[PDB]
Structure formats: structure tokens, C-alpha cells
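Take a look at this single chain, the form deposited in one PDB entry, given in C-alpha cells.
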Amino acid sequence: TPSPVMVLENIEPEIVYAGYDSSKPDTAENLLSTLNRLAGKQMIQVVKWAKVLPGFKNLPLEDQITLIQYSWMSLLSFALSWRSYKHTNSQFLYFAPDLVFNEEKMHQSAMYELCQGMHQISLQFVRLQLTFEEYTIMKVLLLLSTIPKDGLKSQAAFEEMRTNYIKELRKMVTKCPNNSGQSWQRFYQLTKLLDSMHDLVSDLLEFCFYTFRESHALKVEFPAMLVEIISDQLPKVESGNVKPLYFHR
């Protein structure tokens, strides 16, 4: 019988291409539209992953949908950091095999400072020597990191799943012989890193919401997957119905 961690490895989405077109100039509009398509492709993968994620099907369907919509940018950003760490040792932002950002591309995107904040997370992966198992568990914790302020359908089911994944991370870190003598300190660094995702993700979402609302005027394209997510989520955000959960705040 596979452990949850073994299942997480099996269900982890494969890396996809962005469809970067070298025949078009690296204008901000072209780069952002490409990123938005890549995010749409990856969000379809996230939905398929969530279907087979241990424990998730035990939450009401409406809560599963809510949680994906409340965490999508965090999930995608955390995966971006992992790819950047694994494939470039965090020298570059590895969006896809056909879309790798250096500083020039960060400027060309019109999102330099946001990209720099993402790069800082990937540098923390190097500092920590984050493992794949830590990454997969942490990604589930990000799915469970932001909730409506006016309630999920099942508080009980959500708390059970979140508690279970916190315990998975704690057990993995504190039982690993590589961490002996320092494992609780490592656990707290990992949970502080999770908390820091809220800061970055809020900033990413604010800019994405801006270009979404001004999409036609700015000539920034969005795929239907993102139109669905953002059209559902933005009224909830504007209403104030968002509670980021922190380990240390």
C-alpha cells in the first residue's frame, strides 16, 4: 500500500512547454500572454492532480473548487520555484523548457520586481537544500493555506486534511536522519517559508488582477482557464472574503 508521499510523487504533474514563439518580439504583452497561457495549461493539470490527491475527495466538491481558486497562484509559483531550483540551481526562473528567464527577460516582462521576489524563494530552496518530498507535501499545504473568511462548507473536513498534511511534513522532517539534532529548526524554517508565500502571492495576484481587468486595453491575453478562475475569485477578493492562514503570524 503506497504512502501518501509515494502517491504525491506519482501524481505530480509533468513539466509542460509554454509554447514560446521565438518569431515574436519579447514585448511585455507577448511575454505576459505566454505566461498566462502556460498558467492555463498548468491549472488544467492542477485540477487533474487535485482529483487524485490523497484526502482531497473527502472535502465537499464546492470546497475543493474554492481551495483551488484561493491557492492557484501559490501552487503555480511554488512549482516554478521547484523547477528553477532543480533545473538551474536557482540561477534562472525556469517557467518551462522553452521559457527560461534571466534578468533581461525579467525586465522585458514588465514584472521585474515580482520576478525578483519569486527568485528569492527559489534561492531559499538552495539555502535549505529542499527535498522533493518536502516540496510535494508543502505544495499540498499551499492548497490548504488560504480560505474564505465566511466559511468552507465543511470546516471539519478541511481541518482534518490540513492537520494530516502538517503531520506528514513534521514526521518526514523530524524522522529524517539527515536532519538529526536540527529537525524542529528545519521544520520551522519550512513553515516560515510557506508563510512567506502569502506575501509574494498577494503581490503577484494584484498585478494579475490589474492586467486581467485591463486586458483588452493593455493587449494582455488570458486563456479561458484563467478567465474562469479569476472571474470567480476576483469578486470574493474585492469583497474582503479571503483569510490567509499563517503558521507564525
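In case it trips you up, residue 1 is the first one in the sequence shown, and so on.
Below, we turn to the form solved in complex with a small molecule, even though it does not appear here.
The three residues 32, 113 and 218 all sit with a heavy atom within 4.5 Å of the small molecule in the deposited complex. Only one of 105-113, 140-148, 162-170, 124-132 lies within 4.5 Å of the small molecule in the deposited complex by heavy atoms, and it is 105-113.
In the deposited complex, the small molecule sits beyond 4.5 Å of every heavy atom of residue 50. The closest non-hydrogen atom of residue 211 lies within 4.5 Å of the small molecule in the deposited complex. Interface residue remark: residue 188 is not counted as part of the site for the small molecule in the deposited complex, having no heavy atom within 4.5 Å. Proximity of residue 207 to the small molecule in the deposited complex falls within the 4.5 Å heavy atom cutoff.
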